[PDB]
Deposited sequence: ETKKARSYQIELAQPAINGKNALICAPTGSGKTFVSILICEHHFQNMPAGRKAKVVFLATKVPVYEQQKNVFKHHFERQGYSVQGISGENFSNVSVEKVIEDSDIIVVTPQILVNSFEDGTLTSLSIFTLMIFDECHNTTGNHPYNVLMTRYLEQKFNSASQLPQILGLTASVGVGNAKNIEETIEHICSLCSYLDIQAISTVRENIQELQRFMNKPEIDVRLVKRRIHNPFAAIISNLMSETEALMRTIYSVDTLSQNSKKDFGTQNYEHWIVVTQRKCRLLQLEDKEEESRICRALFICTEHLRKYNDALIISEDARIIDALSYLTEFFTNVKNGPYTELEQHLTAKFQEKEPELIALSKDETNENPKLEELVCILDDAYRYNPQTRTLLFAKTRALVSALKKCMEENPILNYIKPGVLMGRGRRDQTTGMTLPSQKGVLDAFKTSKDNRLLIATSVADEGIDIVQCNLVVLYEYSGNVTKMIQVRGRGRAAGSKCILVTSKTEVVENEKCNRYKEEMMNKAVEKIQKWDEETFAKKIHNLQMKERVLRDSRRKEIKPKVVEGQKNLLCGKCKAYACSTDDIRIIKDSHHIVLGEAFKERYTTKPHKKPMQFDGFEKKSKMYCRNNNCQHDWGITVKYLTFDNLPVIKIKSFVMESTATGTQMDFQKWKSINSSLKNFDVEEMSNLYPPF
């Protein structure tokens, strides 16, 4: 049965107005949407029947919500079906929509169906429900769909579906004051054609009985007093930069580094430098290859050292050292050219000293010490605690897992780890979460942002944000993982900037709530005028952007010639194969480590530059239709060279190239083989 605040939240939409339902995670927004659906079904005009679509951004959420809708509505005689990437290829989308009263989807399913001409109008629906609707920005599938809706609205020749958006946070964007915050919220509202914002106003006491906002503890801790590990690695980085400058004057290509080793700024500098180094053009093409390859190696090595410094700041020296020894093992097992041998030798000269450091107990990381004390204190107090420990990077989560496995909390608590997909598969993710829910001693989950929201996780008594910073929306989401009476959320940092960020979040969240209240005081006319003027601005920008050559592909590492754009064919808008016997000379293959079928293709092999001194990954080979071992190239593996000007360019997406490429044609293909 419905809580009073749920009935309250539904009211603006029960009248047929487009509504944005902003309420805390776990407050039952999906149930509110179900109330709205029930009213919708029962009050259609004569001659009409409803057709509802519920959109979710993540597969596990799609699965969760599909089950909820089936259970609620099938018993009332409604057909409820789901489509996601798991079954998209096994079904006809048009046919599922024809046969279903309610369809639950991931939004790309609908985008693909407009793209392929299966669907021609959103007037096929009477109600569209967007879960996590704050994701409606840019080229997100939600905004691709809403752009289509708004184009229909503008043409004013069709009945639009009602729109319902669900979110726990409208956010603040880059706003610094209430005026800017109102503007940000109205922008989000404009993209979804919202007509009213629905929050709990009358039944706040009831809401507060069900939803307890976690108690925050921001703890500022110290760095190590002395940092000999960082000194040794820093010196190796200085030496590597100097070596790089003897190979080629990198300053004529990208600016000189600030030598701010062990920072994200340095990481970014390396990456920008790598981008510039691969585009180096020389008249002597052999020299271009030699220099580009050498610079590729030097920058990769600098990156790994920088990574190790960052790991050492948050975890143990032995975790940083480990990361490096695993890298150097890979280096030894690869092309392992003379430059690679030299860099490896320079590391191995210092490795004894680094090992000795990694064992000295006076070198312990105080931040990690704080973390262990926090966890000890919590489990000692309440042995039934379940904790979610958030950390930013895969490398740090992996290090923390090792720490907590080797040194169990109170000598018995065991960690599980949740990361994003490669990586971990959705089945793997669910397995870890099942164990964390039920296990007697597995009471600690260490996770990246995969755990912020969406996927079902057991409620946690303790949420620890280990150097885990972000915006207002992220802090609202992570809070919702620790939703119970008695729950705590602790942020642990050695950075005064992170403390200040969290202070700003508190202020901004207050600003957001106030902005919403001010908007809610506007009458319908005022609100609609504001949203309309934003939509017309949007349109004028979109329309202006719409009205607004042959290349060789070169190996992105060694600059060897790969193929011509003339040789490429596009399969199903996405997959770029290369035709002809000539290309076969250019690459070599190894069996694919995860040979699987998707999109009608069977993966066979990985494809590499044939140069043993290079071995750069170029893509895969696949079986498709009547053809085996077709090479599928990935654009990020190559540099493009204009045959007209000789100029080299970097493309991270196929968009700007595809226009110039031919589509796959089964007849053309069939002719390239003996009869």
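J.: Can you list the gaps, in order, where the deposited sequence has no modelled residues?
T.: Gaps vs deposited seq, in order: 1-3, 426-431, 558-564, 692.
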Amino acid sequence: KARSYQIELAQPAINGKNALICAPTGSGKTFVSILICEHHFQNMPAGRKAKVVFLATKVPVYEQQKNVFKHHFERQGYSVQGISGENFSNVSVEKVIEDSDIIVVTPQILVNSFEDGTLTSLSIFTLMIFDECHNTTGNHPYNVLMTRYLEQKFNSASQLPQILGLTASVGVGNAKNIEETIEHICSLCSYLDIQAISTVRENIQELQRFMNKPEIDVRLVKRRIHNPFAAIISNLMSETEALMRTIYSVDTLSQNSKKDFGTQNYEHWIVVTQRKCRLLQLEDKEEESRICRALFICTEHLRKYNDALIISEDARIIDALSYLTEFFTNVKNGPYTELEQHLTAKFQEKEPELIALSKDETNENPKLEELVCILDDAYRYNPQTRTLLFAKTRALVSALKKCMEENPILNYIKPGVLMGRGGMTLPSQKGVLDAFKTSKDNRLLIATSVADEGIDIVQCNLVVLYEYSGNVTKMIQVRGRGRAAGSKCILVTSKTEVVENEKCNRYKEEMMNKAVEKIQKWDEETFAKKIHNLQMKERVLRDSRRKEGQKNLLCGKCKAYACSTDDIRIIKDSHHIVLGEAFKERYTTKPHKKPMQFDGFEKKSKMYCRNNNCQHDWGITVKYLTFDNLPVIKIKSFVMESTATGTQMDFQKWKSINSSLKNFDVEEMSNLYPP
From here on, numbers count along this sequence of modelled residues.
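J.: When the C-alpha temperature factors are averaged for each of 580-588 and 512-520, which stretch ends up with the higher value in the entry?
T.: If you average the C-alpha B-factors of 580-588 and of 512-520, the larger mean comes out for 512-520.
J.: Test of understanding: from the entry's C-alpha B-factors, which stretch has the higher mean, 492-500 or 184-192?
T.: Per the PDB record, 492-500.
J.: Given 140, 542, 148, 386, identify the residue with the highest C-alpha B factor in the PDB entry.
T.: The listed residue with the largest C-alpha B-factor is 542.
J.: Compare the CA B factors listed in the entry for 393, 249, 274, 365 and report the winner.
T.: Comparing C-alpha B-factors across 393, 249, 274, 365, the top value belongs to 249.
J.: Please place residue 551 in the lowest, middle or highest third of its chain according to the CA B-factor in the PDB entry.
T.: As the PDB entry reports it, the C-alpha B-factor of residue 551 lands in the middle third of its chain.
J.: Sorting the chain's modelled residues by C-alpha B-factor, tell me whether residue 618 ends up in the lowest, middle or highest third.
T.: Lowest third of the chain for residue 618's C-alpha B-factor.
J.: Among the chain's modelled residues, which third holds the C-alpha B-factor of residue 600?
T.: Answer is highest: the recorded C-alpha B-factor places it there.
J.: Against its chain's modelled residues, does residue 644's Cα B factor rank lowest, middle or highest third?
T.: Tercile = highest for this residue's CA B-factor.
J.: Classify residue 44 as lowest, middle or highest third according to the C-alpha B-factor given in the PDB entry, relative to its own chain.
T.: Its C-alpha B-factor, which the entry lists for residue 44, ranks in the highest third among residues of this chain.
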